[PDB]
Structure formats: C-alpha cells, structure tokens
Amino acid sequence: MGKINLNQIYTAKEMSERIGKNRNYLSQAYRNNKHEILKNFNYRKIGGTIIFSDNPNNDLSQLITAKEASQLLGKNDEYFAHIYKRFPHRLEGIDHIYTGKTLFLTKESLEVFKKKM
C-alpha cells in the first residue's frame, strides 16, 4: 500500500544478480555512464550506496540513511544505528531496512518516530 516497499530494495550488486548478471554489472554501468542500460532501472544514489528496486512504483526518494535521520534529529551520527543494534524493538512500527551494510529509514518513518517520541 505504501510509497515504498522496503522488501524490494537492493544494492547494485544484489540487483545485478537478480537480473542474472555478474554482481558488478550495474556498478560498472553506473561508473561507465552506460545510460542506455541504466535508463531501464529504478535506482538512486542514497549516500554511498546506489540503491535499486525491481518495482518502478517504489519511490526511492523516500529512503534516507539512518545517519542522515540521526543528524536531522540533532543526534550523534550513530544514534539510529546504535538503537537498531542494541534495542531493535524501539524501531517496531518504524519502516527501516539494513542492506549493503547500511541502515536506512524513510522520510515518513522518521516522522512516525518523532511522534512516538
């Protein structure tokens, strides 16, 4: 039902395998400006990760790094990462995904978390 389905979010290496290519295929397409390939994918640069989805209707502009969400709340860079590792139930009901060795929230789940307090 949402603006983004976090179950359909992959790193470039994972999405490369999902389309049956060597794991470096989409990273190399991006580094080499192969736009005739890239134009067929839903992807976005999100911090240092190029993130892809196999669903064109996923709005990847909703994703934010947990680092950025921490900074937006005026907290240490590791604020959300530290909660997620030690107290994961604090993120019940707060849409998030860990992939590519990075925790991500959404702009709307950051709002949910501020309201919860």
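Start at 1 and count along the sequence shown; that's the residue number.
1 to 9 versus 106 to 114 - which carries the larger mean C-alpha B factor in the record: The deposited B-factors put 1 to 9 ahead on the C-alpha mean.
Higher-scoring stretch by recorded Cα B factor average, 71 to 79 or 87 to 95: So the stretch with the higher mean C-alpha B-factor is 87 to 95.
Assigned third (lowest, middle, highest) for the C-alpha B factor of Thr49: As the PDB entry reports it, the C-alpha B-factor of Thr49 lands in the highest third of its chain.
Among modelled residues of the same chain, the CA temperature factor third for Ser27: Its C-alpha B-factor belongs to the middle third of this chain's values.
Assigned third (lowest, middle, highest) for the C-alpha B factor of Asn57: Highest third, going by the recorded CA B-factors of the chain.
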